[PDB]
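Colleague: Sequence, then structure. It's an experimental one.
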Protein chains: 2
Amino acid sequence: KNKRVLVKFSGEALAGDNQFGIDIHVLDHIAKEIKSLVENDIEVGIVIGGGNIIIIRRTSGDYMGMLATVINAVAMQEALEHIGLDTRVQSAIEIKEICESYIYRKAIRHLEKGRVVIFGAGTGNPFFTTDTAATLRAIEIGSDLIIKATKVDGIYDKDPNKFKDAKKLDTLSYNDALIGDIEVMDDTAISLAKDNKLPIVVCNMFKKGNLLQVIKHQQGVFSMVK
Amino acid sequence: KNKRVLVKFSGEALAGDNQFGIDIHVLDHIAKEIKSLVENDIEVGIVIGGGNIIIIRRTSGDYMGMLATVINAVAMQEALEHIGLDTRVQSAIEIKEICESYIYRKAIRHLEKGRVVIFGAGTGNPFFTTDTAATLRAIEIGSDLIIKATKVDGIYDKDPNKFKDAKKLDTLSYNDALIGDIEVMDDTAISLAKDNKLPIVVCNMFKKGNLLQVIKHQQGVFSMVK
Ligand SMILES: Nc1nc2c(ncn2[C@@H]2O[C@H](COP(=O)(O)OP(=O)(O)OP(=O)(O)O)[C@@H](O)[C@H]2O)c(=O)[nH]1
Ligand SMILES: Nc1nc2c(ncn2[C@@H]2O[C@H](COP(=O)(O)OP(=O)(O)OP(=O)(O)O)[C@@H](O)[C@H]2O)c(=O)[nH]1
């Protein structure tokens, strides 16, 4: 059981080829990766963004986004339970009919008993990015690391798309990320991780077995900030 | 102020051309129609569906749908307040950071003071349709009628999506709606309207001034059940 991880996905990751909605096939693929972790006695928390769903002001937009993250968390819970994984959803905003509220002592108990816990509604506050919410939750549950799953193999010195001469950095420091043209997460997220010495792994979610390799073996394909 | 109405939109109505999401322009058009009612001392409650946003089992799907109606209600609130209309959102499920909870004595007060009240999360219960939720809220607030705003001009003897010979029925009885194969609302909704003698009007959201004509003048284009 010992190993404990927080896996963060963007909402867009659930949409598939399309720009919006939930692709049940993407969801099912994600569920199987998480199952590989659970079956290996790795304890798993999950944070999902809302970008696949979300005149309109910043604060309102952010609250709508938080609701979207809960819709995604519920859809994910269904996908995981569908393949026999015991799953709990805890929201930073109380929505009692639909999911549990975030309660520290309950989250820890869930993880100790081998449930996957999905955190919705971020920190429950607008203006904080999904990355920051995920980093906060990772630290709160005593995670060994946070994995930011992205469409890309890892962290590059310049966008890989253009120019195509961009190079993958296997490892870098919190300061490399904070003071650099290279975005890993926003500054607030990086700072929070830095000040709690939370290692950040960036990798591609959809390489089969990759999460398991990163967590259990410190292998696979990834970049790490620490 | 005397006149009080509940206006119900499907979620899909907010998506406009696309089948997913929220078309801000459609929202603005809707806001302007509501404004004409408010400026004419008509008290307005609104219910919106979630179909523009929403392995997954029925109960989970319905809860996701309810969250979608709240996202829509917030967007709608933004659109109405953008044009100066005091607007309140009340949810059947408490989501306190984002909107108010449904509270009868509060809803009545809001309406008496000329606020538009948008009801989110339906009845807070799965298996009840948006039409049923809307009929419920309509009766609870003492509405003179419920208006089901649709893409079509009114109620047809047969589907216009099928029937170049399909004719618009100007008036129907509750029994006509219940017994017939004509689509007005689901049986549960019709039964609840019938048992509380709530008149039902079906009409086309899009045509400017139509809501005002229906409510203030008993004119415009529409079908009625009573
Ligand atoms: N929607 C919703 N579900 C809840 C809430 N509290 C508990 N549940 C669900 O009800 C089921 C039973 O809950 P519990 O009695 O706390 O048992 P448990 O979650 O398995 O507890 P652990 O064994 O410690 O992991 C679980 O699926 C919970 O996720 C809640 O406040 N809202
Ligand atoms: N998100 C959220 N907003 C609330 C809640 N309660 C009140 N508000 C909002 O805070 C603002 C002030 O609310 P109130 O002090 O109740 O005054 P009011 O809404 O104007 O009340 P009326 O004059 O009776 O219509 C309004 O925009 C309310 O919608 C709540 O529980 N959650």
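Modeller: Yep, it's here. Residues are numbered from 1 along each chain as shown, chains lettered A, B, ... in the order given. Ligands and ions are numbered 1, 2, ... in the order given.

Colleague: For the rest of this, base every contact and every neighbour count on C-alpha atoms.
Modeller: Noted.

Colleague: can you tell me if the longest helix that chain A contains touches ligand 2.
Modeller: Ordering each helix of chain A by length in residues (DSSP state H) puts helix A:58-82 first. No - figure legend: helix A:58-82 not in contact with ligand 2 (Cα under 6 Å from any ligand atom); closest approach 9.7 Å.

Colleague: immediately after that helix, which helix or strand?
Modeller: Next helix or strand after helix A:58-82 toward the C-terminus (DSSP states H and E): strand A:87-91.

Colleague: Run me through the strand neighbours of that following strand, direction for each.
Modeller: As defined by DSSP bridges, the strand partners of strand A:87-91 come to strand A:100-101 (parallel), strand A:116-120 (parallel).

Colleague: Just the helices from chain A, written as ranges.
Modeller: A:24-38, A:58-82, A:104-112, A:130-140, A:174-178, A:187-195, A:210-212.

Colleague: For residue A:165, grab the count of nearby residues.
Modeller: Other residues near residue A:165 come to 11 when the count uses other Cα atoms under 10 Å in any protein chain shown.

Colleague: likewise residue A:6?
Modeller: 27.

Colleague: which residues touch it?
Modeller: Residue A:6 is in contact with A:44, A:45, A:46, A:47, A:134, A:137, A:138, A:143, A:145, A:146, A:147, counting by Cα atoms under 8 Å, 6 or more residues apart in numbering or on different chains.

Colleague: The same query, at a cut-off of 10 Å, please.
Modeller: By Cα atoms under 10 Å, 6 or more residues apart in numbering or on different chains, residue A:6 lies in contact with A:43-47, A:117-119, A:134-139, A:141-148, A:200.

Colleague: Same question for residue A:199.
Modeller: Contacts for residue A:199 (Cα under 10 Å, 6+ apart) come out as A:135, A:143-147, A:173-174, A:190, A:193, A:224-226.

Colleague: hmm, back to that, nearest to residue A:93, out of the strands paired with strand A:87-91?
Modeller: Taking Cα to Cα, strand A:100-101 is the member of the strands paired with strand A:87-91 nearest to residue A:93, at 6.6 Å.

Colleague: re earlier: got the angle between the longest helix of chain A and strand A:87-91?
Modeller: 170 degrees (axes from the mean of the first three to the mean of the last three Cα atoms, to 10 degrees).

Colleague: and the closest residue to residue A:114 other than its chain neighbours, how many residues sit next to it?
Modeller: Excluding its sequence neighbours, the residue lying closest to residue A:114 (Cα to Cα, 6 or more residues apart in numbering or on different chains) is residue A:43, at 6.2 Å. By other Cα under 10 Å, 25 other residues sit near residue A:43.

Colleague: Could you pull up the contacting residues of the residue located most distally from the centre of chain A?
Modeller: Residue farthest from the centre of chain A, counting by Cα atoms, centre = their mean, is residue A:55 at 29.8 Å. Residues near residue A:55 by Cα under 10 Å, 6+ apart: A:61, B:24, B:27, B:28, B:75, B:76, B:78, B:79, B:80, B:81, B:82, B:83.

Colleague: Export those residues to a markdown table and append columns for distance to ligand 1 and neighbour count.
Modeller: Output for the contacts of residue A:55, formatted as a markdown table (distance: Cα to the nearest ligand atom, whole Å; neighbours: other Cα atoms under 10 Å in any protein chain shown):
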| residue | distance to ligand 1 | neighbour count |
| --- | --- | --- |
| A:61 | 24 | 18 |
| B:24 | 32 | 17 |
| B:27 | 31 | 22 |
| B:28 | 35 | 18 |
| B:75 | 25 | 22 |
| B:76 | 27 | 26 |
| B:78 | 29 | 22 |
| B:79 | 31 | 25 |
| B:80 | 32 | 23 |
| B:81 | 32 | 17 |
| B:82 | 34 | 15 |
| B:83 | 37 | 13 |
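
Colleague: need the residues you listed in JSON lines with distance to residue B:8, can you?
Modeller: As requested, those are arranged in JSON lines below (distance: Cα to Cα, whole Å):
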{"residue": "A:61", "distance to residue B:8": "23"}
{"residue": "B:24", "distance to residue B:8": "18"}
{"residue": "B:27", "distance to residue B:8": "14"}
{"residue": "B:28", "distance to residue B:8": "16"}
{"residue": "B:75", "distance to residue B:8": "15"}
{"residue": "B:76", "distance to residue B:8": "13"}
{"residue": "B:78", "distance to residue B:8": "18"}
{"residue": "B:79", "distance to residue B:8": "16"}
{"residue": "B:80", "distance to residue B:8": "15"}
{"residue": "B:81", "distance to residue B:8": "19"}
{"residue": "B:82", "distance to residue B:8": "21"}
{"residue": "B:83", "distance to residue B:8": "20"}
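
Colleague: tell me which of the residues you listed is nearest to residue B:97?
Modeller: residue A:61 (13.1 Å).

Colleague: before we move on, back to that, can you tell me which of the contacts of residue A:199 are classed as buried?
Modeller: A:135, A:143, A:144, A:145, A:146, A:147, A:174, A:190, A:193, A:224, A:225, A:226 (16 or more other Cα atoms under 10 Å in any protein chain shown).
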